């Protein structure tokens, strides 16, 4: 457990070194933020009552997923039935029909829960508890709590009239809240790929204090902060349309990226052959390079390289592509049998939208909420991705600690 605590120290250390003003770091804020994330981890991953609450929220999500599967079962019929496994076997699981439509249903549901005020009610509680404990501003705290369920570009919408005039520290924290977390739609998508829901739900909740933690470490507050569809069926329709667009984007990206990686590996096998390494692939490079990082967060020495392949791929590309390559390692047909703790660490370290491509996404979604602040987003973009990555790594170290 000493390797984990040192891992937490190193991650905190990098944040301080990369700070904009280490002397401006509020010790109440970053102290409690780490305290909450650690206590939350101790709660739902260690203590009996906390584990019972986590398995109860996950089973509820797992039921919602199955209910939404009635929709895709209607559209694609027997292509998503059980006979697909008899005829095709492992290839019977058609990713395009099994996972992608889940993004559509969950986007429509969340859109409904927003219209009913259910989402706002939960966000107001989680967000209000953070600002009264960390001293963070109202707007950045709501966006942090919102990011537990929705994406990086949808979370600030709950405080969109406060975005164009919020401080650079607030705006940075807003960027970090979305980079450290995921969305409810893709969450259910990853769960359909074999990723344990308990880990996804946990990592999503720990993202709110964790996102604020490294946001106020690398960018402390130095300024002075301040302070709809016609019906429920329209809300569902709008959410379904937004999910469809997302589902198409994710699908095209996976076809391209995986294909590109396959092209890269083919070239790496030829270039590597010139130096006596014809078996050279992208996984080997990412694995060999992220193995120390994986070893630092609590992954065993003999599993650090394989774990480095997935964590590295999540960074250089995105977490969806990483999960796509990590999903086979969660079944009985896995090429490498990993320990249950390592499976948890990778699941937590991948659960985040933290990647270089998300900077252009933050410029698009969050940038449209404050067009005169696009210059500040592009400037703090790199620092925000790093801050988001550290939050995922910390959540993985905490998870590995209590497991």
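Numbering follows the first chain given and starts at 1.
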Exercise. Taking residue 227 and residue 228 as adjacent modelled residues, how many residues of the deposited sequence between them have no coordinates (none, 1 to 3, 4 to 9, 10 or more)?
Worked result: 10 or more
Exercise. Which is higher on average in the deposited entry, the C-alpha temperature factors of 16-24 or of 385-393?
Worked result: 16-24
For this session: Would you tell me which stretch averages the higher CA B-factor in the PDB entry, 269-277 or 109-117?
Result: 269-277
Exercise. Based on the PDB record, which member of 323, 149, 97, 301 exhibits the highest Cα temperature factor?
Worked result: 301
Exercise. Which one of 64, 54, 363, 350 shows the biggest C-alpha B-factor in the PDB entry?
Worked result: 54
For this session: Would you check the entry's CA temperature factor for residue 249 and let me know if it's in the chain's lowest, middle or highest third?
Result: lowest
Exercise. C-alpha B factor of residue 141, ranked within the chain: lowest, middle or highest third?
Worked result: lowest
Seminar exercise, completed: Temperature factor at the Cα of residue 29, chain-ranked in thirds, falls in the highest
Exercise. If you rank every modelled residue in this chain by C-alpha B factor, which third holds residue 355: lowest, middle or highest?
Worked result: middle
Problem set entry | Assigned third (lowest, middle, highest) for the C-alpha B factor of residue 58 | highest
